[PDB]
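See structure below.
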Amino acid sequence: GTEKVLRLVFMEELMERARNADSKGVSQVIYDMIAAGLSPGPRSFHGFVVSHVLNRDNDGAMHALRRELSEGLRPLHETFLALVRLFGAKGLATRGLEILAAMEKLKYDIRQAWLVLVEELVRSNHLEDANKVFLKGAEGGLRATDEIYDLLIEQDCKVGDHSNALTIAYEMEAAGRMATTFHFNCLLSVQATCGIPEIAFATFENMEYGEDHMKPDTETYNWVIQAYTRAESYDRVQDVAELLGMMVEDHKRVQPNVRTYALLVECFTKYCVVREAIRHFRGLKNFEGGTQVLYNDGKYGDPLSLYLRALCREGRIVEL
Amino acid sequence: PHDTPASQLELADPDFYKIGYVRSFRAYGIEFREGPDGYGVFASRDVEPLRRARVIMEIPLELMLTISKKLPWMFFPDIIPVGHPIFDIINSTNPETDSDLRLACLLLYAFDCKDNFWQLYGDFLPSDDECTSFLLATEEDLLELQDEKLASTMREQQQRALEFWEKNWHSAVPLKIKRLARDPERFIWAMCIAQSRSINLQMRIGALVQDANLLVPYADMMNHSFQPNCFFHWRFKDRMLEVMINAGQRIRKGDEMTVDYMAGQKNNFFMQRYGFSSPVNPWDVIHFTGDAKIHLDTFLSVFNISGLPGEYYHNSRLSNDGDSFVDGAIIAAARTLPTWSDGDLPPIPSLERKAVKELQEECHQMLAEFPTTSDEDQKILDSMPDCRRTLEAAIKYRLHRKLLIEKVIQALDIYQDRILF
Amino acid sequence: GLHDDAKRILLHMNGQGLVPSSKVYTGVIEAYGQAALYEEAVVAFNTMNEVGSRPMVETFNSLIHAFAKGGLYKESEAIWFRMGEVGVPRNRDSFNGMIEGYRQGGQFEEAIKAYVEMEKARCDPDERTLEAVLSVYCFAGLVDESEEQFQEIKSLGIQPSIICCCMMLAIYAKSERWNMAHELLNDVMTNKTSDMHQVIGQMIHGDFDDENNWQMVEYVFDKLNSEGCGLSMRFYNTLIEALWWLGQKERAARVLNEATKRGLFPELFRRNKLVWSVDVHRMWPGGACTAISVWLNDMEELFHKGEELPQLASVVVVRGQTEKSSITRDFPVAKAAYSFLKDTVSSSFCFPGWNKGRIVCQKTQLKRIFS
C-alpha cells in the first residue's frame with residue numbers, strides 16, 4: 001500500500017512536468033524515483049516521451065525510448081503512437097516504418113499507427129511518402145479506413161499523380177470497398193488534361209453502364225466534354241453531340257452548370273456551330289460570372305473572344 | 001472420455017437428420033445434439049486452420065420459406081397458389097415495419113400445405129412451453145423484467161399480434177383461412193417462431209438478385225455467439241444456402257458451431273426478438289450522465305484492447321495468458337464509458353482518480369436503483385430448477401445487467417490501480 | 001568529468017552529419033559513469049553497437065571502470081563475457097576494475113580469484129593492481145595479511161603511495177589502538193618525497209588546520225586534480241576514511257566539503273519536494289558515516305525554517321542489478337549505514353519493500369526522529 005502512495009505522489013509531478021513540457025523536470029523525477037527505490041515503468045517513460053514530443057524534439061524521444069527498452073520493459077502503444085505522429089509531422093517516413101516494424105516484432109497491432117502515419121504524412125505535404133507507405137501497408141495485408149482512401153485519392157488527383165490514385169483505387173476495390181462517383185470524378189480530373197479523348201471516355205462508359213452508386217454526375221459529363229473539346233488530333237465534334245444527347249436525363253439530377261454551358265459554347269464556337277453556341281450562351285448568361293468562366297484565364301485561346309469573333313464574322317451583331 | 005461441450009448433452013433423434021437427408025439436405029462434419037435448452041450443432045472432426053471456408057451445411061431452397069423484403073412480394077418457394085386469400089392477408093400489411101406477420105402466415109400455410117417439408121419439421125420446432133420468446137409471456141414476467149421500456153414494447157407487440165389476428169381471422173373468413181390459426185395462441189406462436197428464427201440474407205435465383213427474409217431449416221439450431229465460427233453464405237448455382245466455417249480458425253472436436261445475429265445490437269434487441277441475453281455482449285450501452293471522463297487510450301492500454309473503435313479485440317498475444325478479466329464486458333464498458341482524447345496530452349492521476357470515483361459512485365447509485373442484488377437473483381434462479389422460460393430469461397437479463405455494472409466498477413478500480421505504475 | 005558538455009558535443013556532432021568514433025563513445029560512457037549515470041552509459045554503448053562502430057578494448061574497460069566505481073560486479077561479468085565473445089584481448093586495467101568492483105560490493109573471494117587469474121595469464125600486475133590486492137585484505141578482517149602485501153609492494157615501491165599509505169593507516173586504525181602504530185601516520189609529514197605528504201602530514205595528524213595552512217592544503221589539493229579524476233576520488237575517499245575513524249571526527253567533514261567544491265563526488269545530495277536522499281553507492285564505510293552524519297545535521301537546518309518534509313527520506317547504498325536480492329548484508333557500505341543509523345538515531349530507518357537496495361524513512365517517521 002505504501003508503495004502505491006509513494007508512486008501516486010511521484011507520478012503526479014511526473015505527469016505535471018510532462019504536461020508542461022519540462023523534459024529536465026521529468027528526468028529529475030525519474031532519477032528521484034530511481035534514488036527513492038521506486039523502479040520506473042512503462043508509464044514513467046511515457047511522460048518523458050510525450051514531453052519530448054510536445055517540444056517537437058525527436059532525438060530526445062528516441063533516447064528516451066532506447067532507455068526504456070534497455071530497462072527491459074516493453075514500451076506502451078501510446079509511446080509508439082506519439083513517435084509515429086512526430087515522425088509523420090516532420091516527414092521521416094523511413095523511421096516511421098522502422099517504428100512500425102518495432103511495434104510488429106513486439107506483437108502490437110500496427111493498423112492504427114500506420115493510418116496515423118499516412119494521415120500525418122499527407123498533412124505534412126509529403127504525398128509520395130504517404131503513398132508508398134500506404135502501398136507497403138496494403139501489400140502487407142492491412143486495411144485502411146474510407147477517409148484515408150478518399151484523402152489519398154483526392155490529394156493524388158489534385159497534385160496530378162494519376163498512377164498512384166489508380167493503384168489506391170484498385171487496392172480499395174480489392175479490399176472490398178467499391179468506388180463511387182467521387183473517385184471517378186477525381187480520376188477524370190487528371191484524365192481530361194492528358195490530351196487523348198478516349199481514356200476518359202472509357203471511365204465514362206464504366207460509370208454510365210455501372211451500378212447506381214457509380215453512375216455519372218454533372219461533373220463527369222463536364223470533364224468528358226472538356227476532354228473531347230480540347231483535343232488536338234481529329235474532329236471530335238459528333239462525339240460532343242452524342243455526349244450531350246446522353247446528358248439528357250432530366251429526372252436523374254443531371255442538370256447543367258456554368259462549366260457545361262461554357263464548354264459547350266467553346267466547342268460549338270471552335271467548330272463554327274454558331275446557332276447552338278448562341279443557344280447555350282443564352283443559358284450561360286443567366287449564371288453570375290458565366291462569361292468569366294467562359295474566359296478560362298485565356299489559356300485555351302480565349303473562347304469568349306473566339307465566340308465574339310464568330311458572332312462578328314457571320315454578321316449576327318444583335319447576339320454580339 | 002475427454003470432457004467436451006458436446007459430451008455433456010445427448011445425441012438427437014436419427015429421424016431429425018433423415019427427413020432432411022431424403023430431401024437433399026447434407027451435413028458434413030457436424031452432429032446434432034439435443035439438450036434442456038434445445039437442439040445445437042457441434043463438431044465431430046478436428047479442423048486445422050484452412051486457407052478457405054469449409055461447407056458444413058448445404059440446405060436446399062425447396063425446404064425453405066422465403067418472402068421478399070420490398071413491395072413486390074415474390075415467393076420463390078412458391079407454395080401459395082394464385083387467388084388464395086392468404087396472399088390477400090399477407091399483402092394487406094405495411095412493407096417496411098411489419099415483416100414477421102407475413103412469415104407467420106406463410107409458416108401457417110406451409111403447415112397446412114400438403115407434402116411440405118415444414119409439416120414434418122414443425123414437430124422438432126420448440127413448442128409454446130419450450131419457446132423462450134417474450135411474446136408468449138405473462139404480465140408477471142414483464143413486471144419481473146424491471147425495465148419499463150422493454151416491457152412496454154413487448155406488450156405493444158403482443159397487442160399488435162392480437163389485433164392482427166382479430167382483424168384478419170374474423171368469423172366470416174373462409175374455412176381454409178380459419179383452419180390455419182383457429183386460436184390466437186397459434187398465431188402468436190407462429191409470430192414467435194418467425195421472429196426468433198428469421199434470417200436476412202441476399203439471394204440470387206436465376207437472373208434476379210434480391211434481399212429477402214427467409215425461414216431456413218437446420219440453420220436455426222445454431223446458437224448465438226459474438227465470436228462466430230460460421231456464417232451463412234448463399235450459392236446461386238445449386239440454389240442452396242451453405243453454412244461455412246470462418247477461414248483461418250481452428251475447430252476441435254466437441255466445439256459448438258455458432259453464428260452471429262444482429263452484429264452490433266444491445267441486449268434489449270436480443271431479449272426482444274430472440275428472448276436471449278448475454279453477459280459478455282460487447283455492444284451494451286450504460287447511460288452515464290456524470291461530467292467525469294476517463295482516458296480512452298490509457299484504458300485500452302491497461303486492458304490491452306487494440307483496434308479501431310469499430311473493431312475491438314483483446315490482443316492475447318500481448319496478453320501472455322494471465323489476464324482473463326478482459327472480455328466483451330470491458331469492451332462494451334470502454335465503448336459506453338465517457339472518454340476524452342486530446343492529442344497526445346498525458347493523463348493526470350488526480351483528475352483520473354476523481355473521475356473513476358465519481359463513476360463508481362454513479363454506478364453504485366444505478367445498482368441501488370434496482371430493488372435486488374446479484375446474490376438474490378442467483379438464489380432465485382437456483383431455487384427454481386423447472387419454471388417458465390420467460391421468467392428465467394427475465395431474471396437472467398437482470399443478473400447480466402447487474403454483473404455488467406459490477407464488472408464496470410471492477411474495471412474502473414483496476415484502471416485506477418494500474419495507471420500508477 | 002563533464003556531463004553536459006559531452007551531451008552538447010554529441011548533439012553538435014549529430015547535427016554536423018558525422019557519426020561518432022570509438023574514442024568519442026569511450027569518453028561519453030566514462031563521463032556518464034563518473035556521474036553514476038549507468039543507464040546513459042549503457043544506452044550510449046548500445047547506440048555505438050547499433051550505429052556500426054566496433055567497440056574496442058577501451059570502450060569495455062571504460063564500462064568496467066564505470067561499473068566498478070559503485071561495485072556493479074554483476075554487469076562486470078556480463079561485459080567480461082561480451083569482451084571474451086567479441087574477441088578483444090583483456091588487459092590489466094580491466095582486471096583491476098573487476099577486482100575493485102568485487103571489493104566495493106560483496107564476494108570478496110572473487111577478488112583474490114581474479115588476482116590468481118592475473119597470475120595465470122602473465123598479466124604482470126602493476127602498482128594500481130598491487131594497491132587493489134592490498135585492498136583485498138583491507139576490506140576483510142585481515143590485518144596480518146595487510147603487512148605482507150605492504151612489504152611486497154615496498155620491495156619495488158619507491159615510497160609508500162599516498163593512497164596506499166592512507167589505506168594501510170586505515171587498516172591500522174581498524175585494529176584497536178589509540179596511538180599505537182601512529183609512527184607510520186606521522187611519517188607522512190616527515191617524508192619529503194611528496195609535497196602533499198609534507199603539507200597535509202600535519203593536517204592528517206596534527207595542527208595544519210590553520211587557515212593559511214588550509215589555503216596551502218587547498219593548493220596541494222587543486223594541483224593534483226589533473227590525474228584524471230579516477231584516482232582523485234579514491235584519494236579523497238581514503239582521506240575521509242583516515243580522518244574520521246582514528247582522528248578528529250569533525251576534521252573529516254572538511255574533506256567531503258572540499259570534494260563537493262570541485263565536483264569530484266557528484267550525485268551525493270539530491271534535494272526535491274518529493275524525495276530527499278543521499279547516495280553512498282560509490283563511497284566507503286567511513287565516507288558513508290561522514291555523509292550520513294552531514295545529512296542528519298543538515299536535517300536540522302530545516303528545523304528553524306520548518307520547511308516541508310520529503311515524502312520519503314532515503315539513503316542509497318547499492319544501485320545495481322542485484323538490488324532485488326537478499327545480498328544486502330554482504331555489501332560493506334550497507335553494514336556501516338545500518339550501524340550508524342541504529343546507533344545514532346532511533347530504529348526508524350529500515351530497508352523498504354519497494355526496493356531492498358536502500359534505506360528509507362517516512363515523513364511521519366522523519367518528523368518523529370527530528371523532534
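Numbering starts fresh at 1 for the residues of each chain in the C-alpha cells, the chains themselves are lettered A, B, ... in the order given, and ligands are numbered from 1 as they appear.
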Report task. Dump as a ChimeraX atom specification the residues of chain A that approach chain C to within 8 Å, counting only C-alpha atoms. Result -> /A:3,6,9-10,32,35-39,63,66-67,70
I'd like the contact shell of residue 75 (chain B) - 10 Å cut-off, only C-alpha atoms, skipping same-chain residues fewer than 2 positions apart - returned as a PDB file with N, CA and C atoms, in the first residue's frame.
ATOM      1  N   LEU B  65     -38.715 -21.272 -46.522  1.00  0.00           N
ATOM      2  CA  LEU B  65     -39.804 -20.327 -46.733  1.00  0.00           C
ATOM      3  C   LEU B  65     -39.203 -18.935 -46.851  1.00  0.00           C
ATOM      4  N   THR B  66     -39.418 -18.287 -47.994  1.00  0.00           N
ATOM      5  CA  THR B  66     -38.754 -17.027 -48.298  1.00  0.00           C
ATOM      6  C   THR B  66     -39.762 -16.012 -48.816  1.00  0.00           C
ATOM      7  N   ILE B  67     -39.707 -14.801 -48.262  1.00  0.00           N
ATOM      8  CA  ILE B  67     -40.535 -13.683 -48.696  1.00  0.00           C
ATOM      9  C   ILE B  67     -39.627 -12.496 -48.978  1.00  0.00           C
ATOM     10  N   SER B  68     -39.864 -11.823 -50.101  1.00  0.00           N
ATOM     11  CA  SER B  68     -39.049 -10.675 -50.470  1.00  0.00           C
ATOM     12  C   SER B  68     -39.321  -9.499 -49.538  1.00  0.00           C
ATOM     13  N   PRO B  72     -43.020  -5.713 -54.080  1.00  0.00           N
ATOM     14  CA  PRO B  72     -43.443  -6.910 -54.825  1.00  0.00           C
ATOM     15  C   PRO B  72     -43.108  -8.165 -54.033  1.00  0.00           C
ATOM     16  N   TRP B  73     -44.141  -8.811 -53.496  1.00  0.00           N
ATOM     17  CA  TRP B  73     -43.961  -9.996 -52.664  1.00  0.00           C
ATOM     18  C   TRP B  73     -43.782 -11.206 -53.571  1.00  0.00           C
ATOM     19  N   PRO B  77     -39.888 -20.050 -53.049  1.00  0.00           N
ATOM     20  CA  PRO B  77     -40.533 -21.318 -52.699  1.00  0.00           C
ATOM     21  C   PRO B  77     -42.039 -21.157 -52.788  1.00  0.00           C
ATOM     22  N   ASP B  78     -42.563 -21.215 -54.012  1.00  0.00           N
ATOM     23  CA  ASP B  78     -43.930 -20.790 -54.296  1.00  0.00           C
ATOM     24  C   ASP B  78     -44.866 -21.906 -53.869  1.00  0.00           C
ATOM     25  N   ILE B  79     -45.271 -21.881 -52.599  1.00  0.00           N
ATOM     26  CA  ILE B  79     -46.247 -22.836 -52.089  1.00  0.00           C
ATOM     27  C   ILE B  79     -47.650 -22.254 -52.021  1.00  0.00           C
ATOM     28  N   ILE B  80     -47.805 -20.955 -52.235  1.00  0.00           N
ATOM     29  CA  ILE B  80     -49.101 -20.289 -52.183  1.00  0.00           C
ATOM     30  C   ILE B  80     -49.657 -20.236 -53.602  1.00  0.00           C
ATOM     31  N   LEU B 106     -47.113 -17.361 -43.826  1.00  0.00           N
ATOM     32  CA  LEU B 106     -46.515 -18.342 -44.725  1.00  0.00           C
ATOM     33  C   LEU B 106     -46.213 -19.646 -43.999  1.00  0.00           C
ATOM     34  N   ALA B 212     -34.210 -10.708 -49.057  1.00  0.00           N
ATOM     35  CA  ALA B 212     -35.447 -11.319 -48.597  1.00  0.00           C
ATOM     36  C   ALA B 212     -35.283 -11.835 -47.175  1.00  0.00           C
TER      37      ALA B 212
END
Hey, what's within 12 Å of residue 226 (chain C) if we count only C-alpha atoms and toss same-chain stuff fewer than 5 positions away? As a ChimeraX atom specification, please? /C:1,220-221,231-233,262,264
- Message: If we count only C-alpha atoms and set the cut-off at 12 Å, which residues sit around region 52-61 of chain C, ignoring sequence neighbours fewer than 3 positions away in its own chain? Please answer as a ChimeraX atom specification.
- Response: /C:19-30,33,41-42,44-49,64-68,75-84,86-98
>> Using only C-alpha atoms and a distance of at most 12 Å, pull out the residues of chain B that contact chain A, as number ranges by chain.
In response: B: 295-320, 341-353, 416-421
The residue from A:150, A:120, A:139, A:266 with the smallest atom-to-atom distance to residue 181 (chain A), counting only C-alpha atoms, is A:150
Report task. Skip residue 21 (chain B) itself and residues of its chain fewer than 3 positions away, then list as number ranges by chain all residues within 12 Å of it, counting only C-alpha atoms. Result -> B: 14-18, 24-28, 57-60, 63, 117, 218
Requested in this report: Return as a VMD selection string the full set of residues in region 11-258 of chain C whose backbone-based DSSP assignment is alpha helix (DSSP H).
Outcome: chain C and resid 11 to 15 22 to 34 38 to 50 57 to 68 73 to 86 92 to 104 109 to 120 127 to 139 144 to 156 162 to 174 182 to 190 195 to 204 211 to 223 232 to 245 251 to 258
Using backbone DSSP assignments, extract all strand (DSSP E or B) residues from region 101-324 of chain B; output them as a tab-separated table (two decimals) with C-alpha atoms, in the first residue's frame.
chain	number	residue	atom	x	y	z
B	199	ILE	CA	-32.55	-14.83	-41.40
B	200	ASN	CA	-31.99	-11.73	-43.53
B	201	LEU	CA	-29.75	-12.63	-46.47
B	202	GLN	CA	-29.31	-11.61	-50.10
B	203	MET	CA	-30.10	-14.43	-52.52
B	204	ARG	CA	-29.81	-14.82	-56.29
B	205	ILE	CA	-32.12	-17.19	-58.17
B	208	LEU	CA	-32.86	-11.87	-60.20
B	209	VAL	CA	-30.78	-10.65	-57.24
B	210	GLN	CA	-32.87	-9.54	-54.27
B	211	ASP	CA	-32.87	-9.27	-50.48
B	212	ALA	CA	-35.45	-11.32	-48.60
B	213	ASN	CA	-36.48	-12.71	-45.21
B	214	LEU	CA	-36.18	-16.49	-45.10
B	215	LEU	CA	-37.06	-19.29	-42.69
B	223	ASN	CA	-26.66	-20.87	-31.06
B	224	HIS	CA	-25.56	-17.24	-30.83
B	230	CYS	CA	-19.50	-19.93	-39.12
B	231	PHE	CA	-21.54	-17.68	-41.41
B	232	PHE	CA	-24.49	-18.04	-43.80
B	233	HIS	CA	-23.26	-17.89	-47.39
B	234	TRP	CA	-25.51	-18.35	-50.42
B	235	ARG	CA	-24.87	-20.50	-53.51
B	240	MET	CA	-28.79	-23.77	-51.75
B	241	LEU	CA	-27.88	-21.99	-48.53
B	242	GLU	CA	-24.49	-23.08	-47.21
B	243	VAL	CA	-23.00	-22.62	-43.73
B	244	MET	CA	-19.22	-22.23	-43.94
B	245	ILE	CA	-16.62	-22.14	-41.17
B	251	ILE	CA	-12.04	-26.03	-34.73
B	256	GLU	CA	-20.17	-25.79	-30.69
B	258	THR	CA	-22.12	-20.70	-33.61
B	259	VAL	CA	-23.37	-17.84	-35.77
B	294	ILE	CA	-11.87	8.67	-18.31
B	295	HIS	CA	-8.92	8.50	-20.70
B	305	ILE	CA	-7.53	-3.52	-26.25
B	306	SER	CA	-6.30	-2.98	-29.81
B	313	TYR	CA	-10.44	-7.25	-29.62
B	314	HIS	CA	-8.20	-8.41	-26.78
| Spatial neighbours of region 386-393 of chain B, max dist 9 Å, only C-alpha atoms, sep filter under 4 positions, as a VMD selection string | chain B and resid 129 to 134 136 to 138 140 to 142 144 to 145 271 275 to 277 381 397 to 398
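Excluding region 256-263 of chain A itself and any same-chain residue fewer than 4 positions from it, the protein and nucleic acid residues within 9 Å of it, counting only C-alpha atoms, are residues 218, 219, 221, 222, 225, 226, 229, 247, 267, 268, 277, 280, 281, 283, 284, 287, 288, 289, 290, 291, 293, 294, 295, 303 and 304 of chain A.
Distance check against residue 210 (chain A) using only C-alpha atoms: of A:224, A:316, A:189, A:179, the minimum falls on A:179.
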